[PDB]
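One structure follows; several queries about it will come next.
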Amino acid sequence: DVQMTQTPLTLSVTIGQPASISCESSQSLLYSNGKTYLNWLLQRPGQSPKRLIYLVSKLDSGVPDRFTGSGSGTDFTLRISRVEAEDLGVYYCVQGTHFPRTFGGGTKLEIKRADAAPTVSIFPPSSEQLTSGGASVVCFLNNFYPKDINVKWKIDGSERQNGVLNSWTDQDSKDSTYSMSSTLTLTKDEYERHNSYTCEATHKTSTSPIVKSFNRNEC
Amino acid sequence: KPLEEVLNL
Amino acid sequence: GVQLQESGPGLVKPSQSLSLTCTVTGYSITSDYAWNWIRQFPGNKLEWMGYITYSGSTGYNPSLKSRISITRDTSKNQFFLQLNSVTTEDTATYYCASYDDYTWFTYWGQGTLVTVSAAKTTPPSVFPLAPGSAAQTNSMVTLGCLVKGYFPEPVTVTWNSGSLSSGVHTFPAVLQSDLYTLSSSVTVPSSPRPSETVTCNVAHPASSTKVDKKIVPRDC
């Protein structure tokens, strides 16, 4: 099978700046009829892949002229002359010359953007959940950049690593920010043997961690 | 083997 | 104009036969083009599986040839994927797509998630996340729903039946044991809630489950 190498892996670019992706095929994609069957796809977050380029350089209907595809033999390039917000996603190249059709690992395009502090919310367990013998404390970290963030849980001042599920959203197309949710899950017993529950966020936007907590001393 | 050949022959 | 749509089970037991359907509207599958099945694995890796041409000939990825079959019903304008002897390694999003690689014509379905597992379908518990005091006279309050202990993916979360779409963050599910945990948050001004009703609507098709949860204050 012909293997396709994409570079770079990821790509952080400011709105209005250029960008390019390389695809190297192990073999020549030049076929015996003089045509070269290499396509480019864009998969926006949550959506299915959409073809941008075919036959190396031809634009698909609906594709802005900002997109240019070039190359031949084994070296191919996709160039975005000017990046916009909705160019956000993962790009693939694919060859349809040699059987079987094969794809590149993909290149993730992120929007370089101005730094943005997260807003932190902490939520005690719902009564409903407690009457079931479980307790989940949830911490939301909304609309921040860059994506590198560090969340710590402190139960009665003591750090807790086990029982923590973290989850990131993708880059938001509207504000180019990221959000993540942090959920600490214990037994009812465990939860009722402690008082203070804390959610520490470390982020480059803050010299000190921004901290939200609550004591079991309120409805 | 390419699709153009397989569809047009 | 043209539309491709994948259908079939979301959960399959190991060793069973996976059977998918691609329904096509706006074009005839007997006219032209190659009609393909492609799957995407967690990690974003794409694999071309096979196609059936408008003429009825088939091409299969050699890695699957042994246990893959593609057929069509020309009277219903549907083509089908049959994958035998599935393992947990066959867990993936399956797309159908139509193209020819030298023409402008290109259309992909929306895809359908197939989980291969021995675990049983499990309905979610939906818990409301209300603030524990905070401040009523503040610009924005954020609320959330915790969707815990379901299988399999996916679930749909809306807020007020799709009335709130701005201020919303629905976070990807995470796996612990063999149960998924998803969470959604919505940010609103301090003025609407609690003076207005904010309800999160959770739908889990795999278990034919629908639940609406009002976020009521605890405050005190």
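Letters go in sequence order (proteins before strands), and every chain restarts at 1. For the numbers below, each heavy atom of this structure counts, side chains included, while hydrogens, waters and symmetry mates do not.
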Exercise. Between the side chain of A:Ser206 and the main-chain N/O of A:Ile210, is any donor-acceptor distance below 3.5 Å?
Worked result: no

Exercise. By side chain to side chain donor-acceptor pair (under 3.5 Å), which residues pair with A:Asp148, not counting sequence neighbours?
Worked result: none

Exercise. Have C:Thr115 and C:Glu153 got a donor and an acceptor in their side chains that come within less than 3.5 Å?
Worked result: no

Problem set entry | Centroid-centroid under 6.0 Å between C:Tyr54 and C:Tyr33 rings | no

Seminar exercise, completed: side chain to side chain donor-acceptor pair (under 3.5 Å) with A:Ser12: of A:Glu110, A:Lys112, A:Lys108, only one passes, and it is A:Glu110

Report all side-chain donor-acceptor pairs from residues 67-80 of chain A shorter than 3.5 Å, counting only partners two or more places apart or in another chain.
none

For this session: Please assess A:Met180 against A:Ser167 for the test side chain to side chain contact (heavy atoms under 4.5 Å, CB included), listing each intermediate value before the final yes or no.
Result: CA-CA 5 Å; A:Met180 82 160 274; A:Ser167 174; over 6 Å; no

For this session: Verify the distance criterion only: is there a donor paired with an acceptor across the side chains of A:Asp1 and A:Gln3 at less than 3.5 Å?
Result: no

For this session: Ignoring hydrogens and angles, state whether a donor on the side chain of C:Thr53 or C:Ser55 is under 3.5 Å from an acceptor on the partner side chain.
Result: yes

Exercise. Side-chain donor-acceptor pair under 3.5 Å between A:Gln27 and A:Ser25, yes or no?
Worked result: no

Problem set entry | Between A:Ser126 and A:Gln129: side-chain donor-acceptor atoms closer than 3.5 Å | no

Problem set entry | Under 3.5 Å donor-acceptor, C:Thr122 side chain and C:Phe151 backbone | no

For this session: Establish, from distance only, whether the side-chain atoms of A:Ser181 and C:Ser183 form a donor-acceptor pair under 3.5 Å.
Result: yes

Exercise. Going by the angle between their ring planes, with limits at 30° and 60°, are C:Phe79 and C:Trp35 parallel, tilted or perpendicular?
Worked result: perpendicular

Exercise. Is the C:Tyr60 to C:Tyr51 ring centre distance short of 6.0 Å?
Worked result: no

Exercise. Going by atom types only, do A:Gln43 and C:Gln40 share a side-chain donor-acceptor pair under 3.5 Å?
Worked result: yes

For this session: Please answer whether the main-chain N or O of C:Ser161 pairs with a side-chain N or O of C:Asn201 as donor and acceptor at a distance below 3.5 Å.
Result: yes

For this session: Please determine, by modelled atom types, if A:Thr205 and A:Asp115 share a side-chain donor-acceptor pair under 3.5 angstrom.
Result: no

For this session: Please determine, by modelled atom types, if A:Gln6 and A:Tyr91 share a side-chain donor-acceptor pair under 3.5 angstrom.
Result: no

For this session: Could you check whether the rings of A:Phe144 and A:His203 sit parallel, tilted or perpendicular, using 30° and 60° as the cut-offs?
Result: perpendicular

Exercise. Any side-chain donor paired with an acceptor under 3.5 Å for C:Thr142 and C:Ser185?
Worked result: no

Problem set entry | Side-chain donor-acceptor pair present, C:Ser28, C:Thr30, cut-off under 3.5 Å | yes

Problem set entry | Polar side-chain atom of A:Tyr92 near backbone of C:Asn44 as donor-acceptor pair, under 3.5 Å | yes

Exercise. Is the cationic atom of C:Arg39 (NZ for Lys, CZ for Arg) positioned less than 6.0 Å from the six-membered ring centroid of C:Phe41 and within 45 degrees of its normal?
Worked result: no

Exercise. What disulfide (SG to SG under 2.5 Å) pairs are there with at least one residue in residues 20-110 of chain C, not counting sequence neighbours?
Worked result: C:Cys22-C:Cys96

Exercise. Given side chains that start at C-beta, do those of A:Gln171 and A:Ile111 come closer than 4.5 Å, heavy atoms only?
Worked result: yes

Problem set entry | Check ion pair A:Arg82-A:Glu84 (N to O, under 4.0 angstrom) | yes

Problem set entry | Pair A:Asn33, C:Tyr102: side-chain N/O donor-acceptor within cut-off below 3.5 Å | no

Exercise. Could you walk me through whether A:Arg44 and A:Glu86 pass the salt bridge (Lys or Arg N to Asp or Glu O under 4.0 Å) check?
Worked result: CA-CA 8 Å; A:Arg44 293 178 164 109; A:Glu86 79 266 5; 5.2 Å; no

Exercise. Charged N to carboxylate O below 4.0 Å: is that the case for A:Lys50 and A:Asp60?
Worked result: no

Problem set entry | Parallel, tilted or perpendicular: ring planes of A:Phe99 versus C:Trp48, cut at 30 and 60 degrees | perpendicular

Exercise. Does the side chain of A:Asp172 pick up a donor-acceptor pair with the side chain of A:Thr177 at under 3.5 Å?
Worked result: no

Exercise. Checking side chain to side chain donor-acceptor pair (under 3.5 Å) against C:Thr23, which of C:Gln5, C:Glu6, C:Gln78, C:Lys76 comes through?
Worked result: C:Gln78

Problem set entry | Side-chain donor or acceptor of C:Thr103 paired with backbone N/O of C:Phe105 under 3.5 Å | no

